[PDB]
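**Q** Here it is: the structure, laid out below.
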Amino acid sequence: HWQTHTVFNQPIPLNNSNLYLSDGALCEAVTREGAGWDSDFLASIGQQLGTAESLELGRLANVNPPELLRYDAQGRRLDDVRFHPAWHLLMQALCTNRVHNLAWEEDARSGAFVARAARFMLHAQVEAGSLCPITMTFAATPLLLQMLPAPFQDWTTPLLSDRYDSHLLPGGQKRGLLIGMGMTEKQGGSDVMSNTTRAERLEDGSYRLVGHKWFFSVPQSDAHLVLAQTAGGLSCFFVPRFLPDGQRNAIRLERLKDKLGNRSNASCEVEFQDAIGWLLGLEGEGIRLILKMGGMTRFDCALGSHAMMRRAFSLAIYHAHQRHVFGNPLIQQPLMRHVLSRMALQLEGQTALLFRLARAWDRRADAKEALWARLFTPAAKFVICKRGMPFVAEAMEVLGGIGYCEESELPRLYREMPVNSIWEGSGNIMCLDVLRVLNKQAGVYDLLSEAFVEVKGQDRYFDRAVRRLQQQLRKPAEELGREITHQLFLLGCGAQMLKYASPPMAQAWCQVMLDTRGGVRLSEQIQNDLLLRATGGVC
Amino acid sequence: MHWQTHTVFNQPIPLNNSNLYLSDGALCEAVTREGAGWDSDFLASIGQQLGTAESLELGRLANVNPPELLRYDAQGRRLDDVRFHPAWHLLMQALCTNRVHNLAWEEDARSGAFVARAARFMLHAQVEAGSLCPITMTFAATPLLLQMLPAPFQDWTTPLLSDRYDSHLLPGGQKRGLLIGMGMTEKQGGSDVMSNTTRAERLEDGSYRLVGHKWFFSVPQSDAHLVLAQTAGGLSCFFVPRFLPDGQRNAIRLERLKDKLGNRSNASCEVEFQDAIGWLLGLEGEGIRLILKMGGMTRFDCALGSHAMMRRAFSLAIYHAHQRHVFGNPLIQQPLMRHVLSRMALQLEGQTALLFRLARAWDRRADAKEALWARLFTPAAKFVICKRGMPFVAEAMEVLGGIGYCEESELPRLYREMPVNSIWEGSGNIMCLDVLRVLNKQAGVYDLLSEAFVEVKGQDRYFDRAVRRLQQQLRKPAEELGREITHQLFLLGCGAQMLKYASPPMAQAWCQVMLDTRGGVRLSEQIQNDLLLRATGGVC
Amino acid sequence: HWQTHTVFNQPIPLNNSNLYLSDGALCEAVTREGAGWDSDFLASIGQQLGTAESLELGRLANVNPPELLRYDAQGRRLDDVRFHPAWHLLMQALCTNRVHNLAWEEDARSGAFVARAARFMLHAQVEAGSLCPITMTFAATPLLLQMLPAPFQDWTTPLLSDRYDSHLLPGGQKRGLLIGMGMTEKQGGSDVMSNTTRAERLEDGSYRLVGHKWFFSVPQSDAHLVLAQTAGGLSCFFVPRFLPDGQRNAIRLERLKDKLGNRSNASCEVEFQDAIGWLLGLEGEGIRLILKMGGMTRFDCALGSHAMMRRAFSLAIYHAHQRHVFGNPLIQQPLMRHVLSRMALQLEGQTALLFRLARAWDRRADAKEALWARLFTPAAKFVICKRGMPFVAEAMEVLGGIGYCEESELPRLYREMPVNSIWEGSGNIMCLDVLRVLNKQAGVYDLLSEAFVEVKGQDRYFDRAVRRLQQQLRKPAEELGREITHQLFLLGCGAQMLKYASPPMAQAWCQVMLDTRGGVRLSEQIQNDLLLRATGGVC
Ligand SMILES: Cc1cc2nc3c(=O)[nH]c(=O)nc-3n(C[C@H](O)[C@H](O)[C@H](O)COP(=O)(O)OP(=O)(O)OC[C@H]3O[C@@H](n4cnc5c(N)ncnc54)[C@H](O)[C@@H]3O)c2cc1C
Ligand SMILES: Cc1cc2nc3c(=O)[nH]c(=O)nc-3n(C[C@H](O)[C@H](O)[C@H](O)COP(=O)(O)OP(=O)(O)OC[C@H]3O[C@@H](n4cnc5c(N)ncnc54)[C@H](O)[C@@H]3O)c2cc1C
Ligand SMILES: Cc1cc2nc3c(=O)[nH]c(=O)nc-3n(C[C@H](O)[C@H](O)[C@H](O)COP(=O)(O)OP(=O)(O)OC[C@H]3O[C@@H](n4cnc5c(N)ncnc54)[C@H](O)[C@@H]3O)c2cc1C
Ligand SMILES: [Cl-]
Ligand SMILES: [Cl-]
Ligand SMILES: [Cl-]
């Protein structure tokens with residue numbers, strides 16, 4: 001008699017699922033792209049990462065963001081950052097699963113980049129902030145392994161380990177390392193040539209750095225690769241957190257960013273007060289170096305946005321299956337079932353493209369593969385990271401009101417999305433790069449012709465899309481970089497669907513994405529298969 | 001460098017990584033003297049563990065990340081749960097591992113257990129105080145439950161005697177360890193519990209339906225609370241479990257979480273009972289009689305807890321004062337400071353002596369004379385010591401100065417905790433009214449005092465004069481002098497202990513400083529040195 | 001049937017009362033000490049300040065503490081502090097009521113200091129943090145008015161206004177000002193001789209300051225009087241927030257204290273990076289100057305603590321009067337009544353001593369009056385500020401559990417008390433100063449004897465106390481500085497009680513405070529009278 005009502009028609013939130021085994025498109029991609037040997041392991045962590053206890057860690061790390069500790073209680077400079085225990089727990093698992101170095105092990109087998117991409121994608125569905133140090137370390141490791149200055153040769157062993165080490169010590173004394181990246185300044189992020197951080201050559205071949213970095217993520221990194229001006233031009237420096245003699249480097253943490261999302265991750269405004277750096281490569285070869293690593297971090301952005309889209313979608317279909325409206329399961333409602341099917345179709349294409357791209361990276365020794373990666377990485381980052389926002393927003397709306405409340409995973413996802421689109425130059429820069437590749441790089445047109453010819457006749461909308469692109473690649477105006485990049489990206493997904501997806505699935509994908517007319521209805525059967533694949537049972 | 005504007009110097013390193021036990025001379029001597037010497041090795045062991053920086057950090061985390069009340073889930077269903085920072089649970093594990101909640105109630109507990117347990121308690125208290133609340137309540141309630149558990153809960157006996165903290169959201173019977181809370185206070189009264197309006201109706205099966213509220217309901221996550229409610233037969237005490245036997249959640253509704261000055265790591269709720277099921281303990285109307293048994297022990301914990309926090313505050317102060325220089329010399333060498341610090345050390349010596357003598361009384365409660373001693377000095381010790389805590393800790397804070405007023409320091413948290421112990425369980429006045437009630441109603445109280453006072457007569461002139469004043473001060477029966485009488489009675493208790501077991505110079509010092517009404521007592525250079533030295537260890 | 005219980009015996013909290021007219025001892029003191037002309041105004045603001053709306057401003061200012069803005073969104077240094085709107089409202093009223101300068105107006109009448117003290121004591125009961133800038137400004141004003149450097153002569157008018165101006169502008173362009181004091185450094189606050197902030201003389205006569213201040217309250221002050229080392233000794237500098245040319249002075253705000261209490265008030269850790277200062281007086285004359293101001297701020301500490309004890313006590317008795325326990329009003333319960341009466345008696349004494357002490361300051365032109373002030377100011381600060389903690393804690397306990405909750409005014413008061421005892425050298429330094437006056441000052445022993453002889457024979461306990469002080473002054477050790485200062489303070493209050501208080505009241509006070517035998521019962525008539533005077537009706 002105390003109650004005013006009974007609570008019903010409230011679906012149970014998705015948890016204790018298998019992030020891997022419930023993703024049909026992913027299972028197929030992993031095996032298809034030569035990482036089948038990691039399938040058992042993927043399912044293993046898929047189950048671990050998908051538990052309530054795991055998702056809670058994600059929540060804790062974000063709602064208890066890091067504190068910047070500039071001083072101690074005595075008034076001495078401290079320059080440290082303090083995290084919630086959940087942060088460290090996430091790091092342990094990321095490093096245990098070698099998301100930061102799997103591909104760089106000395107005996108790493110074929111498909112390692114692809115396998116590692118799958119491992120990454122699972123973690124990304126749980127928590128995103130923690131991916132930042134992992135992404136940076138992953139991209140920087142190959143570079144360091146062959147360019148480490150003499151005083152830090154003993155970093156090789158920890159760089160190749162599977163142990164997270166949060167000890168406040170010099171890198172050489174630690175079990176595992178994290179590498180950060182300091183490029184962006186107040187005057188520019190895309191245009192790094194405008195940096196005003198200067199480096200004066202010190203004695204032993206080291207340099208004195210004086211300047212600042214505007215966005216300096218993971219200040220607790222064991223080292224940052226930093227860009228600074230020298231007499232010889234813009235160079236890249238290895239700036240360790242501790243000097244060889246055990247003293248703390250002269251990096252001053254001034255301010256912690258107060259971010260829309262990505263809140264679990266510490267992003268600082270730092271200043272260099274005669275900090276010591278070691279020159280990597282040659283003076284003026286700075287931009288050339290960070291361009292090598294950029295390729296890989298961009299891929300992580302695209303993959304990360306995709307992972308979050310996948311999670312948001314999983315939450316949405318799980319909810320829509322249980323929630324009833326107007327007498328029927330929400331997911332049975334014609335208009336909803338239509339929207340959800342198009343969303344699933346979106347993820348199928350992205351899964352296909354992203355893991356094809358991963359294969360390219362795994363086989364970068366092949367000039368044709370390296371060129372494929374060089375081209376589609378920026379494209380995938382631009383398109384997928386742009387889609388993230390509208391896509392996650394839609395998922396949120398499938399849940400309705402409760403999806404707009406912070407107790408749900410959706411707001412945090414929705415809040416994270418834009419960071420991936422802004423990171424590393426932003427969309428426009430991606431598109432200018434795509435244009436630059438088509439123009440400057442040799443044998444690009446030949447590479448495209450081969451793939452397009454390989455699937456000609458399989459689908460009318462694809463072939464028409466190919467014709468439209470070649471017509472736009474005659475007079476490629478800069479102001480059409482987005483149109484060109486988008487169309488180029490779709491053709492990439494299209495080819496993959498046509499080659500390896502079932503004919504009905506590819507027919508569906510091509511129609512929905514490449515049919516300019518619109519009004520595209522999907523067969524009852526193809527919709528059922530999409531939604532079924534998106535919940536597993538295809539593994 | 002050229003970037004700096006100054007050099008940081010004369011800033012002392014904060015006290016950490018010390019041994020909370022081995023650095024307390026008075027405590028080591030007390031433990032051995034009061035028959036708990038067998039626990040000395042263990043005490044030093046946890047004394048080291050608890051005194052580490054990592055441990056102190058747990059204390060800080062538990063307080064600056066206070067519990068959240070979860071009334072509802074994301075679906076709009078009632079949840080009635082409380083979510084803590086991991087540090088809270090870590091503190092609880094250690095407290096239970098160290099059996100601070102049940103050591104004395106083990107079936108084979110040896111002699112001195114209450115005294116040993118008091119020492120274990122005192123160490124923990126210096127680290128974090130909030131976590132002590134569930135421990136204090138469970139410790140006081142356990143003896144009662146062990147022999148009064150209703151039939152459906154006989155399988156609580158094993159967990160009640162364990163050393164395993166269990167935070168699982170399950171019925172008690174399925175758990176490895178338990179916590180018992182206490183629901184007495186209502187909006188209309190805390191001291192006067194007969195004004196309770198929570199009512200209980202007897203049901204067909206022997207349990208009762210409770211409808212009402214509790215104003216301060218600490219540790220709502222307890223596995224059960226002993227609750228007072230009105231019945232047709234009068235004010236009774238009920239065992240109100242969090243889960244019913246059939247695994248369903250009892251009808252206890254958590255409405256509001258208190259936003260407290262201190263004690264913040266501990267969840268204190270405003271709850272309402274919506275036909276919650278309770279099991280009658282004892283007889284209808286025997287309610288106040290039951291919670292009076294348990295009150296004796298929780299009061300002791302309040303006194304000990306305040307003492308522990310005073311000890312910690314003092315440790316921080318002397319450690320600071322030893323390093324900090326002012327006007328060319330170590331702060332602790334400055335005549336006026338060294339004088340204040342010595343009086344503070346002297347304060348703790350007396351409290352240590354009295355509190356652990358009291359702990360012995362509880363350990364030997366089978367002896368009528370000991371039980372009476374406890375019945376008399378427990379309330380007195382709670383009144384005086386818990387009152388002193390505030391000015392005492394404030395003084396410690398001032399020894400550090402500006403930095404002691406900042407929350408990065410342990411001092412503000414200690415300063416903020418202190419009043420809770422004085423307010424808890426009736427408050428100072430109630431303690432004093434109780435002391436007066438014992439002198440009046442209880443038989444052979446005057447005889448008991450006479451024996452102790454005679455045993456030390458002639459040893460100190462200020463003590464004997466203090467004894468004369470008390471016996472006279474009792475000349476006219478008067479409620480409005482309850483505090484004067486309770487305070488004087490307390491000092492005489494400490495005095496006797498110092499005179500019997502402390503060194504003659506130490507006891508001479510204590511008696512002069514505490515009992516010399518003519519004030520202005522200077523202390524010998526030697527006695528001050530010995531006080532401060534004892535307060536840092538080396539006497540163990 | 002929805003309810004589980006009925007709420008009763010829950011007293012209404014004290015609000016919408018008159019902070020002045022409810023304080024019998026205060027009304028009498030104001031009239032007695034030559035400030036009876038302000039009575040109509042004191043009752044006026046006493047009404048305004050006691051309102052719920054007023055008290056709410058206090059709460060807001062403290063639960064929404066200031067934020068330090070070291071940088072703006074563009075990464076340019078900003079060094080500003082942002083307050084809750086309630087803070088500025090509190091400031092507006094304080095300045096409107098001239099709590100910061102009443103006594104320094106050019107045509108200030110007799111008893112201005114005593115009237116200002118009364119106004120201060122009322123504001124102090126609503127909010128304490130806001131008193132910091134007021135106290136500092138009040139103490140520095142007289143000094144500045146006759147020492148202002150040439151470039152800041154036009155500061156005279158604003159210094160004497162009733163205007164609060166929070167505009168971020170150079171002083172000269174504002175309608176009112178606030179002055180701060182920067183003395184304490186990390187190495188010491190009591191021993192300022194250990195300061196390492198150094199000032200070099202410049203071409204133009206001003207100085208370059210490089211150093212730091214550990215506690216630096218009201219960083220938003222229009223100027224700070226700062227102590228720094230020069231070639232000729234430790235000196236006092238006028239450091240304006242803006243330079244004459246409008247540029248911001250080189251005062252760098254590094255960090256904001258996270259305080260036990262006093263949270264509404266901004267206290268900073270600051271550093272000087274070649275900040276411009278102007279010498280006040282002669283080099284090495286620094287300590288001599290800040291000693292002149294120290295006199296008045298120490299008085300404000302004592303007054304503030306007294307004020308907060310008064311407020312606490314008002315709350316306690318209003319509560320005890322409504323709250324029932326064991327069938328009677330809590331205030332009727334013999335033990336409670338006894339305690340509350342002693343507390344009231346405590347405030348009677350303090351009120352008498354403080355406003356006699358205020359008279360001394362007002363008539364400081366008389367050497368005998370200045371000497372009385374010189375002696376009892378340090379004493380009153382030591383004793384009263386020390387009593388504050390146990391006193392307010394008692395008040396809190398009268399309310400019980402609800403008094404321990406932050407929704408009550410008690411915790412905020414309780415959290416405030418220690419700051420007044422720590423400010424300006426702390427208790428020990430006060431007692432050392434009192435000893436220095438009894439030793440180094442001439443005619444002190446005479447001044448005291450004149451007062452004691454004037455009341456000899458009126459009370460046995462008072463005379464016995466006098467004989468014990470004179471005996472304790474035979475051998476005046478340093479270690480007895482507290483015992484001596486305490487005894488002195490008591491005799492001070494005692495003299496005032498015996499002279500101007502009703503004989504029964506003076507007897508009660510003497511018996512309670514000076515009867516070493518303890519165990520004093522008070523008559524039912526004197527208790528009824530004490531509590532009646534503490535709720536007004538004597539005005
Ligand atoms: C959460 C977070 C963390 C970060 N962490 C780091 C870090 O760890 N290390 C680091 O170095 N940086 C970091 N950054 C900075 C980030 O890399 C840059 O912000 C990003 O590269 C864009 O630089 P910017 O902000 O200066 O944008 P701007 O350079 O001002 O660019 C503005 C816009 O102009 C567009 N644009 C640029 N050139 C052209 C052109 N020729 N034609 C048309 N449009 C153009 C860009 O697409 C962009 O959208 C972080 C940023 C965020 C939000
Ligand atoms: C952090 C915290 C946690 C708490 N947790 C719990 C809990 O878990 N369970 C629980 O039951 N209670 C709890 N309490 C309540 C606490 O036990 C009561 O607040 C306390 O007993 C005082 O009662 P009260 O607040 O009703 O004050 P009142 O009973 O209104 O008394 C107020 C004052 O009156 C004095 N007084 C009472 N009677 C007399 C008399 N005859 N003569 C003179 N003076 C008298 C009291 O000593 C006290 O100073 C908690 C309180 C706090 C602050
Ligand atoms: C909220 C707040 C605001 C503040 N604002 C300001 C401000 O605006 N400007 C400013 O300059 N300071 C400020 N302070 C600091 C305050 O003035 C100092 O902290 C105070 O003077 C004591 O200095 P300290 O902390 O260095 O104590 P210390 O100098 O380390 O003193 C330590 C203790 O030893 C005692 N002592 C010192 N010398 C002796 C001796 N010879 N014999 C016996 N005992 C002795 C002292 O009384 C003190 O209790 C502020 C502090 C607080 C908490
Ligand atoms: Cl900081
Ligand atoms: Cl809730
Ligand atoms: Cl800032």
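Ordered as shown in the structure tokens, chains take letters A, B, and onward, while each chain numbers its residues from 1 and ligands are numbered from 1 in the order shown.
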Applying 10 Å and only C-alpha atoms, which residues near residue 55 in chain B remain after dropping the ones on its own chain fewer than 4 positions away? List them as JSON, numbers by chain.

**A** {"B": [16, 17, 48, 49, 50, 51, 59, 60, 87, 90, 91, 124, 127, 128]}

**Q** Those same residues - N, CA and C atoms - I'd like them written as a PDB file, in the first residue's frame.

**A**
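part-v2.pdb, written as the output of this step:
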ATOM      1  N   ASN B  16      55.182  10.110   8.467  1.00  0.00           N
ATOM      2  CA  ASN B  16      54.628   8.893   7.891  1.00  0.00           C
ATOM      3  C   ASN B  16      55.657   7.772   7.925  1.00  0.00           C
ATOM      4  N   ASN B  17      55.217   6.554   7.620  1.00  0.00           N
ATOM      5  CA  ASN B  17      56.092   5.386   7.679  1.00  0.00           C
ATOM      6  C   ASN B  17      56.729   5.197   9.060  1.00  0.00           C
ATOM      7  N   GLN B  48      53.232  -1.072  12.452  1.00  0.00           N
ATOM      8  CA  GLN B  48      54.062  -0.727  11.307  1.00  0.00           C
ATOM      9  C   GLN B  48      53.217  -0.653  10.036  1.00  0.00           C
ATOM     10  N   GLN B  49      52.388  -1.665   9.810  1.00  0.00           N
ATOM     11  CA  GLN B  49      51.528  -1.678   8.632  1.00  0.00           C
ATOM     12  C   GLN B  49      50.637  -0.439   8.567  1.00  0.00           C
ATOM     13  N   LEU B  50      49.950  -0.146   9.665  1.00  0.00           N
ATOM     14  CA  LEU B  50      49.000   0.960   9.709  1.00  0.00           C
ATOM     15  C   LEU B  50      49.640   2.341   9.596  1.00  0.00           C
ATOM     16  N   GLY B  51      50.926   2.437   9.918  1.00  0.00           N
ATOM     17  CA  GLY B  51      51.592   3.723   9.976  1.00  0.00           C
ATOM     18  C   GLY B  51      52.268   4.141   8.688  1.00  0.00           C
ATOM     19  N   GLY B  59      43.103   6.331   4.399  1.00  0.00           N
ATOM     20  CA  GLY B  59      42.302   7.134   5.300  1.00  0.00           C
ATOM     21  C   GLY B  59      41.806   8.387   4.611  1.00  0.00           C
ATOM     22  N   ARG B  60      42.707   9.057   3.904  1.00  0.00           N
ATOM     23  CA  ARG B  60      42.366  10.276   3.185  1.00  0.00           C
ATOM     24  C   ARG B  60      41.348  10.001   2.073  1.00  0.00           C
ATOM     25  N   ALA B  87      38.850   2.404  -1.057  1.00  0.00           N
ATOM     26  CA  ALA B  87      39.657   2.588   0.138  1.00  0.00           C
ATOM     27  C   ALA B  87      38.869   2.206   1.380  1.00  0.00           C
ATOM     28  N   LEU B  90      38.932  -1.505   1.775  1.00  0.00           N
ATOM     29  CA  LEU B  90      40.268  -1.919   2.189  1.00  0.00           C
ATOM     30  C   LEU B  90      40.497  -1.726   3.690  1.00  0.00           C
ATOM     31  N   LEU B  91      40.021  -0.604   4.227  1.00  0.00           N
ATOM     32  CA  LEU B  91      40.117  -0.333   5.658  1.00  0.00           C
ATOM     33  C   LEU B  91      39.329  -1.365   6.458  1.00  0.00           C
ATOM     34  N   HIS B 124      44.354   1.639  14.722  1.00  0.00           N
ATOM     35  CA  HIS B 124      43.487   1.931  13.584  1.00  0.00           C
ATOM     36  C   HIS B 124      42.905   3.339  13.661  1.00  0.00           C
ATOM     37  N   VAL B 127      44.648   6.238  12.043  1.00  0.00           N
ATOM     38  CA  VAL B 127      44.662   6.259  10.591  1.00  0.00           C
ATOM     39  C   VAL B 127      43.367   6.850  10.038  1.00  0.00           C
ATOM     40  N   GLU B 128      42.244   6.237  10.398  1.00  0.00           N
ATOM     41  CA  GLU B 128      40.939   6.635   9.881  1.00  0.00           C
ATOM     42  C   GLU B 128      39.869   6.360  10.933  1.00  0.00           C
TER      43      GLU B 128
END

**Q** What's the 12 Å shell around residue 72 in chain B, counting only C-alpha atoms, without same-chain residues fewer than 4 positions away, as a PDB file with C-alpha atoms, in the first residue's frame?

**A**
ATOM      1  CA  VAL A   7       7.670  -0.355 -12.645  1.00  0.00           C
ATOM      2  CA  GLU A 407      23.858   6.845 -15.635  1.00  0.00           C
TER       3      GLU A 407
ATOM      4  CA  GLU B  68      26.926   7.905  -2.378  1.00  0.00           C
ATOM      5  CA  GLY B  76      13.271   3.707 -11.557  1.00  0.00           C
ATOM      6  CA  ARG B  77      13.180   0.780  -9.173  1.00  0.00           C
ATOM      7  CA  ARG B  78      14.055   1.185  -5.499  1.00  0.00           C
ATOM      8  CA  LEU B  79      17.651   0.159  -4.789  1.00  0.00           C
ATOM      9  CA  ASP B  80      18.405   1.367  -1.264  1.00  0.00           C
ATOM     10  CA  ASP B  81      22.150   0.759  -1.423  1.00  0.00           C
ATOM     11  CA  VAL B  82      25.328   2.714  -0.630  1.00  0.00           C
ATOM     12  CA  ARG B 253      13.749   2.783   3.077  1.00  0.00           C
ATOM     13  CA  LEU B 254      16.883   4.967   2.850  1.00  0.00           C
ATOM     14  CA  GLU B 255      15.710   8.561   2.386  1.00  0.00           C
TER      15      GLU B 255
END

**Q** Counting only C-alpha atoms, what is within 6 Å of residue 173 in chain B, bar same-chain residues fewer than 2 positions away, as an MDAnalysis selection string?

**A** chainID B and resid 155:156 171 175

**Q** Near residue 488 in chain B, counting only C-alpha atoms, which residues have an atom at most 12 Å away, once you skip same-chain residues fewer than 6 positions from it, shown as a VMD selection string?

**A** (chain B and resid 377 380 to 381 383 to 384 432 435 463 465 to 474 481 to 482 494 to 495 514 to 515 517) or (chain C and resid 517 to 519)

**Q** Set the distance at 6 Å and use only C-alpha atoms: which residues neighbour range 314-322 of chain A once local chain neighbours fewer than 3 positions away are removed? I'd like the list as a PyMOL selection string.

**A** chain A and resi 11+14+311+329-331+395+398

**Q** Identify, counting only C-alpha atoms and all ligand atoms, the protein, DNA and RNA residues located within 6 Å of ligand 3, and give them as a PyMOL selection string.

**A** (chain B and resi 326+334+336-337+398-402+405) or (chain C and resi 181-184+188-191+215-217+262+267+419+422-429)

**Q** Pull N, CA and C atoms from the residues just selected and write them as a compact mmCIF listing (two decimals), in the first residue's frame.

**A**
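Final output, saved to selection00.txt:
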# COMPACT_ATOMS: atom_id res chain seq x y z
N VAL B 326 62.37 28.25 14.30
CA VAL B 326 61.87 29.61 14.44
C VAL B 326 62.85 30.39 15.29
N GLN B 334 62.00 25.86 21.93
CA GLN B 334 61.48 27.12 22.44
C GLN B 334 60.74 26.88 23.74
N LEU B 336 58.38 28.22 25.69
CA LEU B 336 56.93 28.22 25.79
C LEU B 336 56.30 27.05 25.02
N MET B 337 56.86 26.73 23.86
CA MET B 337 56.34 25.61 23.07
C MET B 337 56.63 24.28 23.76
N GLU B 398 47.79 24.17 15.66
CA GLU B 398 48.43 25.48 15.75
C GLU B 398 49.94 25.37 15.85
N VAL B 399 50.42 24.20 16.29
CA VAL B 399 51.85 23.96 16.36
C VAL B 399 52.43 23.92 14.96
N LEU B 400 51.68 23.35 14.02
CA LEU B 400 52.06 23.35 12.61
C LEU B 400 51.84 24.73 11.99
N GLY B 401 50.84 25.45 12.49
CA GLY B 401 50.54 26.78 11.98
C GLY B 401 49.66 26.77 10.75
N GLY B 402 49.96 27.67 9.81
CA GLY B 402 49.16 27.81 8.61
C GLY B 402 48.89 26.50 7.87
N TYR B 405 46.15 24.15 8.89
CA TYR B 405 44.77 24.59 8.69
C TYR B 405 44.30 24.22 7.29
N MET C 181 47.95 42.18 3.02
CA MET C 181 49.26 42.10 3.66
C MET C 181 49.96 40.79 3.33
N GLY C 182 51.15 40.89 2.74
CA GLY C 182 51.94 39.71 2.39
C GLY C 182 53.24 39.64 3.17
N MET C 183 53.24 38.87 4.25
CA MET C 183 54.42 38.72 5.10
C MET C 183 54.96 37.29 5.13
N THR C 184 54.11 36.35 5.54
CA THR C 184 54.48 34.95 5.68
C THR C 184 55.12 34.35 4.43
N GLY C 188 58.82 30.69 7.29
CA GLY C 188 58.31 31.25 8.53
C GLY C 188 57.28 32.36 8.39
N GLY C 189 56.37 32.42 9.35
CA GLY C 189 55.38 33.47 9.42
C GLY C 189 55.52 34.28 10.70
N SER C 190 55.89 33.61 11.79
CA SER C 190 56.12 34.28 13.06
C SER C 190 57.43 35.07 13.01
N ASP C 191 58.46 34.41 12.51
CA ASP C 191 59.78 35.00 12.39
C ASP C 191 59.96 35.51 10.96
N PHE C 215 51.29 32.38 2.35
CA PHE C 215 49.88 32.70 2.53
C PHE C 215 49.67 34.14 2.12
N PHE C 216 48.82 34.33 1.12
CA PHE C 216 48.63 35.63 0.50
C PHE C 216 47.15 35.85 0.27
N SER C 217 46.45 36.34 1.29
CA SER C 217 44.99 36.47 1.23
C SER C 217 44.53 37.67 0.43
N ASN C 262 37.16 29.35 6.64
CA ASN C 262 37.52 30.58 5.96
C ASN C 262 37.44 30.39 4.45
N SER C 267 42.81 32.61 -0.41
CA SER C 267 44.18 32.71 0.11
C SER C 267 45.10 32.05 -0.88
N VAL C 419 41.36 29.59 12.73
CA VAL C 419 42.09 30.51 11.87
C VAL C 419 42.42 31.80 12.63
N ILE C 422 45.42 31.30 14.78
CA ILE C 422 46.66 31.06 14.05
C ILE C 422 47.17 32.31 13.36
N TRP C 423 46.25 33.17 12.93
CA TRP C 423 46.58 34.41 12.23
C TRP C 423 47.57 35.25 13.03
N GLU C 424 48.44 35.96 12.32
CA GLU C 424 49.34 36.94 12.94
C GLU C 424 50.18 36.38 14.09
N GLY C 425 50.90 35.29 13.84
CA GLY C 425 51.88 34.80 14.79
C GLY C 425 51.41 33.72 15.74
N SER C 426 50.09 33.62 15.93
CA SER C 426 49.50 32.57 16.76
C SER C 426 49.61 32.85 18.26
N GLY C 427 49.03 31.97 19.06
CA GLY C 427 48.92 32.17 20.50
C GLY C 427 50.21 32.46 21.23
N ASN C 428 51.21 31.61 21.04
CA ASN C 428 52.48 31.79 21.73
C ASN C 428 53.09 33.17 21.51
N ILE C 429 53.13 33.61 20.25
CA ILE C 429 53.67 34.91 19.91
C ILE C 429 52.92 36.01 20.65

**Q** Let me see if you get this right: every residue at most 7 Å from ligand 2, counting only C-alpha atoms and all ligand atoms, written as a PyMOL selection string.

**A** (chain B and resi 181-192+216-219+260+263+268+420+423-430) or (chain C and resi 323+325-326+330+333-336+397-402+404)
